[PDB]
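Starting off, we have a lone chain in the form deposited in one PDB entry, written out as structure tokens.
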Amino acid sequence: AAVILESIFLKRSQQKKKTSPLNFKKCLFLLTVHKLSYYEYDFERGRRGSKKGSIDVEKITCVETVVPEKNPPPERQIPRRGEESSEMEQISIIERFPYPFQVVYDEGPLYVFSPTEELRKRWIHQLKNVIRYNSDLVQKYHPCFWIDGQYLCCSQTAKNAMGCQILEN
């Protein structure tokens, strides 16, 4: 299969850590019609390093945006309403990741932060395409992050809880 998309995103850890040990780490994400996988990125050698995870596309049930953090650190803060920039800013495209989206499957939700709105859209559209004929697609989801033992949107404590919001219209 061909690699449909390849990007460096900031991935939130799943952990099982108290003391709000939420980790955000940059990973190289790859998408094919069969799997969404992620790896460490070997900057010096300019290639992907060891595999950190893999999700078979058929197990994905939902992919949508996530309501952003209320007061995120500067590296995840959403830029100016403007741009008109006919040029991708090299540094910010690998240092700032303000646009989160979620990939929902069996093992709870995976949260991914994109450096740009365009790129997040590109990934959500393509993921929606590759999961289109999946057996267990859900028509509800949690619009907000799961943090500190519960979803911010409905306060439920189970990660596999049915979504509290019906999709689109």
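The numbering used is simple: start at 1 and walk along the sequence shown.
Gaps at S92 occur in none of the other compared entries of the protein that contain both adjacent residues, all of which model it rather than a third dropping it. Compared with other entries of the same protein, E83 falls in the group left without coordinates by at least a third of them, where both flanks are modelled. Stretches 93-101 and 67-75 differ in mean C-alpha B factor, with the higher average recorded for 67-75. As listed in the deposited structure, the average C-alpha B-factor of 8-16 and of 21-29 is greater for 8-16. Residues shown: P115, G53, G108, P143. Highest C-alpha temperature factor in the entry: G108. In the PDB entry, the Cα temperature factor peaks, among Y39, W123, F43, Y133, at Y133.
For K59, the recorded CA B-factor ranks within the middle third of the chain. Only modelled residues enter the ranking. When the modelled residues of the chain are ordered by C-alpha B-factor, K128 sits in the lowest third.
Below: the form deposited with a small molecule bound, not depicted.
Among residues of the shown chain, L110 is one whose heavy atoms approach the small molecule to within 4.5 Å in the bound PDB entry. Contact check for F101: every heavy atom lies farther than 4.5 Å from the small molecule in the bound PDB entry. At the 4.5 Å threshold, heavy atoms of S54 reach the small molecule in the bound PDB entry. Using a 4.5 angstroms limit between non-hydrogen atoms, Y105 touches the small molecule in the bound PDB entry. Stretch-level contact analysis of 113-121, 35-43, 63-71, 129-137 against the small molecule in the bound PDB entry, using heavy atoms and a 4.5 Å limit, identifies 35-43.
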